[PDB]
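Let me begin by presenting the structure, written as structure tokens, before commenting on it.
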Amino acid sequence: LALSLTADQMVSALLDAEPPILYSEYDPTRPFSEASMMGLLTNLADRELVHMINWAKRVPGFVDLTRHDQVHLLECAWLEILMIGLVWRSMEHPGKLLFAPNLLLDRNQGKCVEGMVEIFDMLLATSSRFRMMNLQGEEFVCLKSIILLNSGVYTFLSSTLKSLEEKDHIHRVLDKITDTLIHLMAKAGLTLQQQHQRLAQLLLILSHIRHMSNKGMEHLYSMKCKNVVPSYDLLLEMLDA
Amino acid sequence: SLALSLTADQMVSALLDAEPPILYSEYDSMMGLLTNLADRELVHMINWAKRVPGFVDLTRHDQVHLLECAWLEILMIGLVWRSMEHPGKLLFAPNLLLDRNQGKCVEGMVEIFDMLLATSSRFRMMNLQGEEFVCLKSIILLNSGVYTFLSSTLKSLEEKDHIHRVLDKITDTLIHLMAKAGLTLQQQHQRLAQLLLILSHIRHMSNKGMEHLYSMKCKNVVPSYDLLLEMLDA
Ligand SMILES: Oc1ccc(-c2nn(Cc3ccccc3)c3c(C(F)(F)F)cccc23)c(O)c1
Ligand SMILES: Oc1ccc(-c2nn(Cc3ccccc3)c3c(C(F)(F)F)cccc23)c(O)c1
């Protein structure tokens, strides 16, 4: 079971579970309009969702949960997960966001609402921060898994002993991933003080990622397209192998 | 910088000393009550903020931005802390204690109500301490708005460095409190993580709250940049 993994075993499992990088729809009309870019981003996200499920199922401890809880975590976290992926990819492209290898955008290219440019600006900042911190791949997979387990946990609520067990199991897996992060940092040769400071610096960034997702989710719901937001039923369907 | 020299004990002492008082609701409609209470709390929050070590080292403009971004999170975490010992209830004030069902009469707040309850219950199961609480609140103040400063000028860059250094000092403080309490090294890193991860959820609740204010046509109750600037300048 997941709770028995060593730090080295957890890292290996997470790295192996990594999803592929997808391309955006090839050769779209350029310049973009507000709708056309959204069409590209939405299509891309839709295609990544499938791979995210595959990834999620390989996150140690995820499948120990009921299907309902597995769906609830994905519901709450999908955009955060996509965004941290985006920020990781964009690290060595200052001033730009690498949504896909064939879709590298600066803050002016894509046509966007001014609410969108704020989010874009926030994504860029986060990416620079990771660049500055010299974030490592092994740390990234830990953070992405933390987002998956953490984002929807406080809203299980609640009662039943089983509901409590589920929450308890999530927190224990979270603890193991924390252990893993620290193990990586110590292994790298950071002092105890630097280890504890870096951990905190990384986790605090997650709150910003939650903010960006909240803002993005907000915009998504204001689109009279009745969908790019995956439903509970859709996510559940996708979960059944 | 003065802040950068503080020990863990001094940091805690300063923070405990800066705590605002717990205010009473004057009239014990939900929007009417939150508004009356929040308006009076804001005044105390500004003065609490100016007492957080490192905060007044920032430009007046940067202080306003931090508060602008953090204000609802700070109100909300105060509420969660106050409600900690009241399972199933939110203690908006000593004379305003609400359960989930009175939280239904209040329209689209039921979900936010539930999230708040869930956070308070998390605090309860963690045995969150007053000393840890004041650290968390300070972290929210310095962290929520730091990524949207605008960089550019040398000053804004120097401002961000300073914020990050103070945050590191608060991390040190938290760890010290835990070691002092007898936690093993492992338990210290774990609890640190658990505490900080709750902040993602507080941000989430603040965002839903804002979302709800706008849909309620209550955009007006939000402290504006200029309002905050004038309160600080006092
Ligand atoms: O791998 C991926 C795939 C898609 C996204 C992505 N980010 N944003 C926010 C955003 C995107 C562009 C410009 C401004 C904000 C999105 C929005 C949106 F509606 F939230 F914007 C809608 C659909 C997808 C995205 C991503 O971050 C990573
Ligand atoms: O000590 C406290 C603790 C909580 C609140 C608070 N304000 N708001 C929005 C709000 C309403 C009116 C005026 C200002 C803010 C809240 C909402 C929300 F869903 F309504 F946002 C939901 C739950 C709590 C609050 C508070 O104001 C003070």
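Principal axis extents of the C-alpha atoms in chain A (largest first, rounded to whole Å): 52, 43, 27. Express in whole angstrom the spacing between the alpha-carbon centres of the stretch A:71-113 and the stretch B:98-174. Answer, in whole Å: 25. Pairwise Cα separations in the stretch B:170-217 fall into 5 Å bins from 0 onward with the following percentages, short to long: 5, 20, 19, 14, 10, 9, 8, 7, 5, 2.
What's the longest piece of chain A with no exposed trypsin sites (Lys or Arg not before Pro), counting a site as exposed if DSSP puts it in a loop and it has at most 11 other beta carbons within 10 Å? Counting at most 11 other Cβ atoms within 10 Å as exposed, the longest clean stretch of chain A is A:1-223.
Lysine pairs, Cα distance under 29 Å, 8 or more residues apart or cross-chain: how many in chain B? Count of close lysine pairs: 29. Over chain A, Cα pairs under 8 Å with separation of 6+ residues give a relative contact order of 29 percent. Normalised radius of gyration for the protein assembly as shown, please: alpha carbon Rg relative to 2.2 N^0.38 Å, two decimal places. Computed over Cα atoms of the protein assembly as shown, the ratio equals 0.95. Farthest toward the dipole's positive end in chain B, which of B:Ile74, B:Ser156, B:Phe55, given Cβ charges of +1 (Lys, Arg) and -1 (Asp, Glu) about the Cα centre? With unit charges placed on the Cβ atoms, the residue in question is B:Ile74. Derived scalar couplings between HN and Hα for the stretch B:152-169 equal 6, 3, 4, 4, 4, 5, 5, 5, 5, 4, 4, 4, 5, 5, 5, 4, 4, 5 Hz in order, rounded to whole Hz, by the Karplus curve 6.51 cos²θ - 1.76 cosθ + 1.60 (θ = phi - 60°), x for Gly and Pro. Our Cα-only numbers for the stretch A:95-218 put the radius of gyration and Dmax at 17.4, 52 Å. Each residue of the stretch B:204-217 was assigned a 3J(HN,Hα) from its phi angle through the Karplus curve 6.51 cos²θ - 1.76 cosθ + 1.60 (θ = phi - 60°); the sequence is 4, 4, 4, 5, 4, x, 4, 3, 5, 4, 5, 6, 7, 6 Hz, with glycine and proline shown as x. With Cα atoms as the point set, the radius of gyration and Dmax of the stretch A:20-85 evaluate to 14.6, 47 Å. Relative to the current alpha-carbon distance between B:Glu26 and B:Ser5, full extension at 0.36 nm per residue lengthens the span by 3.4 nm.
Within 10 Å of the Cβ of each residue in B:183-196, the mean number of Cβ atoms contributed by other protein chains is 5. Amide H contacts of B:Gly54 (H built 1.01 Å from N, in plane; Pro and chain starts excluded): B:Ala3 sit under 5 Å, all sequence-distant by 5 or more or on other chains. Size descriptors for the stretch A:149-191: radius of gyration and Dmax over Cα atoms are 14.2, 44 Å. Pairs of Cα atoms nearer than 8 Å and 6+ residues apart set the relative contact order; for the stretch B:87-148 it is 23 percent. Take the Cβ atoms of A:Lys187 and A:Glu92, set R0 to 25 Å, and the FRET efficiency comes out at 0.55. Under the convention that each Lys and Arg Cβ holds +1 and each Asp and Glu Cβ holds -1, the size of the dipole of the protein assembly as shown around its Cα centre is about 200 debye.
Note on A:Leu234/B:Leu16: beta-carbon distance plugged into 1/(1 + (r/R0)^6) with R0 of 45 Å gives a FRET efficiency of 0.35.
Sites count as exposed loop sites when they are chymotrypsin sites (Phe, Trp or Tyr not before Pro), lie in a DSSP loop, and have at most 16 other Cβ atoms within 10 angstrom; the longest stretch of chain A without one is A:27-241.
Taken together, the values in this text are just the output of simple stated rules run on the coordinates, not laboratory data. As a convention, Cβ positions derive from the backbone with ideal geometry for all residues, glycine included, and neighbour counts pool all protein chains shown.
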